[PDB]
>>> print(open('final.pdb').read())   # PDB, C-alpha atoms
ATOM      1  CA  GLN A  46     -75.106 -50.280   6.886  1.00  0.00           C
ATOM      2  CA  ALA A  47     -74.163 -47.384   4.614  1.00  0.00           C
ATOM      3  CA  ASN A  48     -70.702 -45.833   4.654  1.00  0.00           C
ATOM      4  CA  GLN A  49     -72.555 -42.790   5.912  1.00  0.00           C
ATOM      5  CA  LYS A  50     -74.147 -42.876   9.356  1.00  0.00           C
ATOM      6  CA  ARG A  51     -71.673 -45.429  10.760  1.00  0.00           C
ATOM      7  CA  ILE A  52     -71.824 -45.097  14.498  1.00  0.00           C
ATOM      8  CA  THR A  53     -68.784 -46.620  16.180  1.00  0.00           C
ATOM      9  CA  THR A  54     -65.564 -45.366  17.662  1.00  0.00           C
ATOM     10  CA  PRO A  55     -63.000 -44.612  14.935  1.00  0.00           C
ATOM     11  CA  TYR A  56     -60.258 -45.939  17.217  1.00  0.00           C
ATOM     12  CA  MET A  57     -59.216 -49.569  17.138  1.00  0.00           C
ATOM     13  CA  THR A  58     -60.178 -51.240  20.387  1.00  0.00           C
ATOM     14  CA  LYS A  59     -57.403 -53.202  22.067  1.00  0.00           C
ATOM     15  CA  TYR A  60     -59.408 -56.342  21.325  1.00  0.00           C
ATOM     16  CA  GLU A  61     -59.371 -55.696  17.583  1.00  0.00           C
ATOM     17  CA  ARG A  62     -55.671 -54.887  17.460  1.00  0.00           C
ATOM     18  CA  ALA A  63     -54.997 -58.097  19.357  1.00  0.00           C
ATOM     19  CA  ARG A  64     -56.856 -60.258  16.839  1.00  0.00           C
ATOM     20  CA  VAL A  65     -55.563 -58.337  13.812  1.00  0.00           C
ATOM     21  CA  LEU A  66     -51.905 -58.806  14.671  1.00  0.00           C
ATOM     22  CA  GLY A  67     -52.689 -62.423  15.439  1.00  0.00           C
ATOM     23  CA  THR A  68     -54.610 -63.196  12.265  1.00  0.00           C
ATOM     24  CA  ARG A  69     -52.120 -61.315  10.111  1.00  0.00           C
ATOM     25  CA  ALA A  70     -49.124 -63.071  11.647  1.00  0.00           C
ATOM     26  CA  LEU A  71     -50.767 -66.421  10.980  1.00  0.00           C
ATOM     27  CA  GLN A  72     -51.073 -65.565   7.306  1.00  0.00           C
ATOM     28  CA  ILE A  73     -47.486 -64.329   7.010  1.00  0.00           C
ATOM     29  CA  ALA A  74     -46.414 -67.523   8.747  1.00  0.00           C
ATOM     30  CA  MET A  75     -47.857 -69.439   5.814  1.00  0.00           C
ATOM     31  CA  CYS A  76     -46.264 -68.125   2.611  1.00  0.00           C
ATOM     32  CA  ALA A  77     -48.435 -65.059   2.505  1.00  0.00           C
ATOM     33  CA  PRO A  78     -47.402 -61.939   0.560  1.00  0.00           C
ATOM     34  CA  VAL A  79     -45.973 -59.191   2.746  1.00  0.00           C
ATOM     35  CA  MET A  80     -47.181 -55.655   2.137  1.00  0.00           C
ATOM     36  CA  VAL A  81     -44.243 -53.851   3.704  1.00  0.00           C
ATOM     37  CA  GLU A  82     -40.516 -54.009   3.087  1.00  0.00           C
ATOM     38  CA  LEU A  83     -39.089 -56.438   5.639  1.00  0.00           C
ATOM     39  CA  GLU A  84     -35.529 -55.892   6.848  1.00  0.00           C
ATOM     40  CA  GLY A  85     -33.885 -58.613   8.896  1.00  0.00           C
ATOM     41  CA  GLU A  86     -37.191 -60.108  10.050  1.00  0.00           C
ATOM     42  CA  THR A  87     -37.679 -63.859  10.354  1.00  0.00           C
ATOM     43  CA  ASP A  88     -40.458 -63.510  12.955  1.00  0.00           C
ATOM     44  CA  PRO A  89     -44.078 -63.138  11.769  1.00  0.00           C
ATOM     45  CA  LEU A  90     -45.376 -61.234  14.811  1.00  0.00           C
ATOM     46  CA  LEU A  91     -42.760 -58.538  14.280  1.00  0.00           C
ATOM     47  CA  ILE A  92     -43.613 -58.318  10.593  1.00  0.00           C
ATOM     48  CA  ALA A  93     -47.351 -58.139  11.219  1.00  0.00           C
ATOM     49  CA  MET A  94     -46.748 -55.539  13.918  1.00  0.00           C
ATOM     50  CA  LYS A  95     -44.770 -53.544  11.366  1.00  0.00           C
ATOM     51  CA  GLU A  96     -47.482 -53.726   8.705  1.00  0.00           C
ATOM     52  CA  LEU A  97     -49.884 -52.295  11.257  1.00  0.00           C
ATOM     53  CA  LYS A  98     -48.012 -49.068  12.016  1.00  0.00           C
ATOM     54  CA  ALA A  99     -47.755 -48.485   8.265  1.00  0.00           C
ATOM     55  CA  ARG A 100     -51.483 -49.266   7.915  1.00  0.00           C
ATOM     56  CA  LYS A 101     -50.800 -51.826   5.200  1.00  0.00           C
ATOM     57  CA  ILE A 102     -52.759 -54.747   6.652  1.00  0.00           C
ATOM     58  CA  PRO A 103     -55.396 -56.079   4.222  1.00  0.00           C
ATOM     59  CA  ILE A 104     -58.270 -56.837   6.600  1.00  0.00           C
ATOM     60  CA  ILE A 105     -61.679 -55.249   7.005  1.00  0.00           C
ATOM     61  CA  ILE A 106     -63.229 -55.557  10.441  1.00  0.00           C
ATOM     62  CA  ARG A 107     -66.928 -56.371  10.591  1.00  0.00           C
ATOM     63  CA  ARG A 108     -68.407 -54.886  13.759  1.00  0.00           C
ATOM     64  CA  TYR A 109     -71.775 -56.280  14.758  1.00  0.00           C
ATOM     65  CA  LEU A 110     -73.946 -53.698  16.380  1.00  0.00           C
ATOM     66  CA  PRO A 111     -75.978 -55.227  19.217  1.00  0.00           C
ATOM     67  CA  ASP A 112     -79.270 -54.957  17.325  1.00  0.00           C
ATOM     68  CA  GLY A 113     -78.144 -57.435  14.653  1.00  0.00           C
ATOM     69  CA  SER A 114     -76.765 -55.015  12.066  1.00  0.00           C
ATOM     70  CA  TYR A 115     -73.066 -54.649  11.266  1.00  0.00           C
ATOM     71  CA  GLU A 116     -70.425 -52.230  10.006  1.00  0.00           C
ATOM     72  CA  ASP A 117     -67.322 -52.884   7.912  1.00  0.00           C
ATOM     73  CA  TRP A 118     -64.205 -50.932   8.894  1.00  0.00           C
ATOM     74  CA  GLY A 119     -60.985 -51.482   7.000  1.00  0.00           C
ATOM     75  CA  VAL A 120     -57.825 -51.510   9.083  1.00  0.00           C
ATOM     76  CA  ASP A 121     -56.707 -48.325   7.351  1.00  0.00           C
ATOM     77  CA  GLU A 122     -59.846 -46.343   8.197  1.00  0.00           C
ATOM     78  CA  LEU A 123     -59.489 -47.075  11.916  1.00  0.00           C
ATOM     79  CA  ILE A 124     -57.082 -45.044  14.045  1.00  0.00           C
ATOM     80  CA  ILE A 125     -54.425 -47.045  15.832  1.00  0.00           C
ATOM     81  CA  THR A 126     -54.546 -46.389  19.560  1.00  0.00           C
ATOM     82  CA  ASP A 127     -50.879 -47.163  20.191  1.00  0.00           C
TER
ATOM     83  CA  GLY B1062     -49.852 -18.955  23.548  1.00  0.00           C
ATOM     84  CA  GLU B1063     -48.322 -22.155  22.206  1.00  0.00           C
ATOM     85  CA  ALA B1064     -48.632 -23.995  25.514  1.00  0.00           C
ATOM     86  CA  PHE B1065     -52.374 -23.535  25.508  1.00  0.00           C
ATOM     87  CA  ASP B1066     -52.736 -24.809  21.944  1.00  0.00           C
ATOM     88  CA  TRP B1067     -50.537 -27.746  22.924  1.00  0.00           C
ATOM     89  CA  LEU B1068     -52.563 -28.309  26.072  1.00  0.00           C
ATOM     90  CA  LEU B1069     -55.887 -28.655  24.301  1.00  0.00           C
ATOM     91  CA  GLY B1070     -54.170 -31.100  21.990  1.00  0.00           C
ATOM     92  CA  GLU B1071     -53.484 -33.622  24.730  1.00  0.00           C
ATOM     93  CA  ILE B1072     -56.703 -33.084  26.689  1.00  0.00           C
ATOM     94  CA  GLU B1073     -58.359 -34.595  23.627  1.00  0.00           C
ATOM     95  CA  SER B1074     -55.908 -37.455  23.146  1.00  0.00           C
ATOM     96  CA  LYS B1075     -55.775 -38.300  26.846  1.00  0.00           C
ATOM     97  CA  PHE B1076     -59.567 -38.319  27.066  1.00  0.00           C
ATOM     98  CA  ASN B1077     -60.195 -40.356  23.914  1.00  0.00           C
ATOM     99  CA  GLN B1078     -57.926 -43.007  25.388  1.00  0.00           C
ATOM    100  CA  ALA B1079     -60.109 -43.312  28.487  1.00  0.00           C
ATOM    101  CA  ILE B1080     -63.303 -44.237  26.642  1.00  0.00           C
ATOM    102  CA  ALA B1081     -64.440 -47.786  27.368  1.00  0.00           C
ATOM    103  CA  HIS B1082     -63.623 -50.284  24.733  1.00  0.00           C
ATOM    104  CA  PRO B1083     -66.558 -51.950  22.999  1.00  0.00           C
ATOM    105  CA  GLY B1084     -66.225 -55.605  23.803  1.00  0.00           C
ATOM    106  CA  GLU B1085     -64.821 -55.439  27.324  1.00  0.00           C
ATOM    107  CA  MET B1086     -66.257 -58.116  29.555  1.00  0.00           C
ATOM    108  CA  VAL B1087     -67.447 -55.884  32.344  1.00  0.00           C
ATOM    109  CA  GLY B1088     -69.275 -58.313  34.580  1.00  0.00           C
ATOM    110  CA  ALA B1089     -66.076 -60.280  34.909  1.00  0.00           C
ATOM    111  CA  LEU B1090     -64.436 -57.030  36.003  1.00  0.00           C
ATOM    112  CA  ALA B1091     -67.057 -55.876  38.477  1.00  0.00           C
ATOM    113  CA  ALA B1092     -67.563 -59.339  39.930  1.00  0.00           C
ATOM    114  CA  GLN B1093     -63.880 -59.830  40.642  1.00  0.00           C
ATOM    115  CA  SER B1094     -63.227 -56.332  41.967  1.00  0.00           C
ATOM    116  CA  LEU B1095     -65.953 -56.530  44.581  1.00  0.00           C
ATOM    117  CA  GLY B1096     -65.002 -60.012  45.728  1.00  0.00           C
ATOM    118  CA  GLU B1097     -61.230 -59.692  45.677  1.00  0.00           C
ATOM    119  CA  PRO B1098     -61.221 -57.399  48.751  1.00  0.00           C
ATOM    120  CA  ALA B1099     -63.650 -59.830  50.369  1.00  0.00           C
ATOM    121  CA  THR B1100     -60.801 -62.277  50.999  1.00  0.00           C
ATOM    122  CA  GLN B1101     -59.127 -59.645  53.195  1.00  0.00           C
ATOM    123  CA  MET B1102     -62.325 -58.455  54.894  1.00  0.00           C
TER
END
>>> encode(input="final.pdb", output="structure tokens")
Amino acid sequence: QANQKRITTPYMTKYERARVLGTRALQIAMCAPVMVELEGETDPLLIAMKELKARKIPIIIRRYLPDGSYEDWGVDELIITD
Amino acid sequence: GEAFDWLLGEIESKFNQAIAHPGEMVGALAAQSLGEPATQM
């Protein structure tokens, strides 16, 4: 759909933030570039959780509306619940 | 005056956190919540 007229919650559902911090931590865990300055972090889940609060994660979420269409929200445009 | 402006600030945030999350499996929730008491009835 167009960037106008998107109808979906701007907030990030707890299902999306569970699969974003999982998919991001799996990338970091394989030699993937890190967007944020890491300080004493050897653990990928803590790094990926840190990228999220800074809104640095490079993922766009594709939300399928139930009628077959879809919308593309980048992880910056969404509003982190917690 | 500032309490009221601060009060309307959280009535929004507290509400917008209640809204159901797209993707919840609801039938799993309503099937288990009606039948979980059943074991004690």
>>> closest_residue(input="final.pdb", among="A:95, A:101, A:109, A:122", to="chain B", atoms="all atoms listed in the file")
A:109
>>> closest_residue(input="final.pdb", among="B:1090, B:1095, B:1075, B:1101", to="residue 126 in chain A", atoms="only C-alpha atoms")
B:1075
>>> resolve_selection(input="final.pdb", expression="the ChimeraX specification (/B :<9) & /A", output="list in words")
residues 53, 54, 56, 57, 58, 59, 60 and 126 of chain A
>>> closest_residue(input="final.pdb", among="A:97, A:102, A:120, A:47", to="residue 77 in chain A", atoms="all atoms listed in the file")
A:102
>>> atom_distance(input="final.pdb", atom1="CA of residue 106 in chain A", atom2="CA of residue 1088 in chain B")
25.0 Å
>>> closest_residue(input="final.pdb", among="A:90, A:76, A:124, A:110", to="residue 51 in chain A", atoms="all atoms listed in the file")
A:110
>>> axis_aligned_box(input="final.pdb", around="range 1086-1093 of chain B", padding_each_side="5 Å", output="AutoDock Vina command-line options")
--center_x -66.6 --center_y -58.1 --center_z 35.1 --size_x 15.4 --size_y 14.4 --size_z 21.1
>>> closest_residue(input="final.pdb", among="A:66, A:125, A:105, A:75", to="residue 91 in chain A", atoms="only C-alpha atoms")
A:66
>>> residues_around(input="final.pdb", residues="residue 73 in chain A", least_positions_apart="5", cutoff="9 Å", atoms="all atoms listed in the file", output="ChimeraX atom specification")
/A:68,78-79,89-90,92-93
>>> atom_distance(input="final.pdb", atom1="CA of residue 98 in chain A", atom2="CA of residue 127 in chain A")
8.9 Å
>>> atom_distance(input="final.pdb", atom1="CA of residue 80 in chain A", atom2="CA of residue 100 in chain A")
9.6 Å
>>> closest_residue(input="final.pdb", among="A:46, A:117, A:104, A:82", to="residue 65 in chain A", atoms="all atoms listed in the file")
A:104
>>> decode(input="final.pdb", residues="chain B", atoms="N, CA and C atoms", output="short mmCIF file (atom, residue, chain, number, x, y, z; two decimals), in the first residue's frame")
data_model
loop_
_atom_site.label_atom_id
_atom_site.label_comp_id
_atom_site.auth_asym_id
_atom_site.auth_seq_id
_atom_site.Cartn_x
_atom_site.Cartn_y
_atom_site.Cartn_z
N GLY B 1062 -2.73 22.87 38.34
CA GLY B 1062 -2.70 22.99 36.89
C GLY B 1062 -1.77 21.99 36.22
N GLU B 1063 -0.61 21.75 36.81
CA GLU B 1063 0.35 20.85 36.17
C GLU B 1063 0.00 19.39 36.42
N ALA B 1064 -0.71 19.09 37.50
CA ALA B 1064 -1.16 17.73 37.73
C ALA B 1064 -2.13 17.30 36.65
N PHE B 1065 -3.05 18.17 36.29
CA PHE B 1065 -4.04 17.81 35.29
C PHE B 1065 -3.38 17.55 33.95
N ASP B 1066 -2.44 18.41 33.54
CA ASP B 1066 -1.75 18.19 32.28
C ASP B 1066 -0.90 16.93 32.33
N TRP B 1067 -0.43 16.57 33.52
CA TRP B 1067 0.33 15.33 33.67
C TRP B 1067 -0.60 14.14 33.73
N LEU B 1068 -1.84 14.37 34.14
CA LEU B 1068 -2.79 13.27 34.28
C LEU B 1068 -3.29 12.83 32.92
N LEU B 1069 -3.60 13.79 32.05
CA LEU B 1069 -4.04 13.44 30.71
C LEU B 1069 -2.92 12.78 29.94
N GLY B 1070 -1.68 13.02 30.35
CA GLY B 1070 -0.56 12.42 29.66
C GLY B 1070 -0.50 10.92 29.86
N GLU B 1071 -0.76 10.46 31.09
CA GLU B 1071 -0.76 9.02 31.33
C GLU B 1071 -2.07 8.34 30.96
N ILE B 1072 -3.21 9.02 31.04
CA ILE B 1072 -4.44 8.36 30.61
C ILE B 1072 -4.33 7.94 29.15
N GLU B 1073 -3.56 8.66 28.35
CA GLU B 1073 -3.30 8.20 26.99
C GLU B 1073 -2.37 7.00 26.99
N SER B 1074 -1.21 7.13 27.63
CA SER B 1074 -0.21 6.07 27.58
C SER B 1074 -0.73 4.79 28.21
N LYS B 1075 -1.44 4.90 29.33
CA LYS B 1075 -1.98 3.71 29.97
C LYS B 1075 -3.04 3.05 29.10
N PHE B 1076 -3.85 3.84 28.40
CA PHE B 1076 -4.86 3.26 27.52
C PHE B 1076 -4.21 2.58 26.33
N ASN B 1077 -3.33 3.29 25.63
CA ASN B 1077 -2.73 2.76 24.41
C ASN B 1077 -1.93 1.50 24.67
N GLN B 1078 -1.64 1.20 25.94
CA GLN B 1078 -1.00 -0.06 26.26
C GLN B 1078 -2.00 -1.17 26.47
N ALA B 1079 -3.29 -0.85 26.61
CA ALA B 1079 -4.29 -1.88 26.80
C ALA B 1079 -4.76 -2.48 25.49
N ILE B 1080 -4.61 -1.77 24.38
CA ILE B 1080 -5.20 -2.19 23.11
C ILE B 1080 -4.65 -3.54 22.70
N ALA B 1081 -5.53 -4.41 22.23
CA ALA B 1081 -5.17 -5.78 21.89
C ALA B 1081 -4.08 -5.82 20.84
N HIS B 1082 -3.22 -6.80 20.95
CA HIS B 1082 -2.14 -6.79 19.99
C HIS B 1082 -2.51 -7.59 18.77
N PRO B 1083 -2.44 -7.01 17.58
CA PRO B 1083 -2.65 -7.78 16.37
C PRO B 1083 -1.72 -8.98 16.34
N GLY B 1084 -2.30 -10.14 16.17
CA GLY B 1084 -1.57 -11.38 16.17
C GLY B 1084 -1.79 -12.27 17.37
N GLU B 1085 -2.37 -11.77 18.45
CA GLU B 1085 -2.67 -12.64 19.57
C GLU B 1085 -3.49 -13.83 19.11
N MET B 1086 -3.20 -15.00 19.65
CA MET B 1086 -4.06 -16.14 19.40
C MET B 1086 -5.10 -16.11 20.50
N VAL B 1087 -6.31 -15.73 20.12
CA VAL B 1087 -7.36 -15.47 21.08
C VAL B 1087 -8.12 -16.74 21.43
N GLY B 1088 -8.39 -17.58 20.44
CA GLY B 1088 -9.13 -18.79 20.72
C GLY B 1088 -8.39 -19.68 21.69
N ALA B 1089 -7.07 -19.70 21.60
CA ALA B 1089 -6.29 -20.41 22.60
C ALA B 1089 -6.48 -19.79 23.97
N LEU B 1090 -6.74 -18.49 24.04
CA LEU B 1090 -6.91 -17.83 25.33
C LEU B 1090 -8.31 -18.06 25.88
N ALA B 1091 -9.32 -17.99 25.03
CA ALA B 1091 -10.68 -18.11 25.53
C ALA B 1091 -11.06 -19.57 25.72
N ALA B 1092 -10.36 -20.48 25.06
CA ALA B 1092 -10.66 -21.89 25.26
C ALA B 1092 -10.05 -22.40 26.55
N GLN B 1093 -8.89 -21.87 26.91
CA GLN B 1093 -8.22 -22.32 28.12
C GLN B 1093 -8.79 -21.64 29.36
N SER B 1094 -9.30 -20.42 29.22
CA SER B 1094 -9.79 -19.71 30.40
C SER B 1094 -11.17 -20.18 30.81
N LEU B 1095 -11.94 -20.72 29.89
CA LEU B 1095 -13.23 -21.27 30.27
C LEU B 1095 -13.11 -22.69 30.79
N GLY B 1096 -12.07 -23.42 30.40
CA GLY B 1096 -11.96 -24.81 30.78
C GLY B 1096 -10.99 -25.04 31.92
N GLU B 1097 -10.18 -24.03 32.24
CA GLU B 1097 -9.31 -24.16 33.40
C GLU B 1097 -10.09 -24.17 34.70
N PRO B 1098 -11.06 -23.28 34.93
CA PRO B 1098 -11.93 -23.45 36.11
C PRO B 1098 -12.66 -24.77 36.12
N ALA B 1099 -12.98 -25.32 34.95
CA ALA B 1099 -13.76 -26.55 34.91
C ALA B 1099 -13.16 -27.66 35.76
N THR B 1100 -11.82 -27.70 35.86
CA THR B 1100 -11.19 -28.77 36.63
C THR B 1100 -11.53 -28.66 38.11
N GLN B 1101 -11.84 -27.46 38.58
CA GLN B 1101 -12.21 -27.22 39.97
C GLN B 1101 -13.71 -27.12 40.17
N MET B 1102 -14.50 -27.19 39.10
CA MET B 1102 -15.95 -27.19 39.26
C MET B 1102 -16.47 -28.60 39.48
#
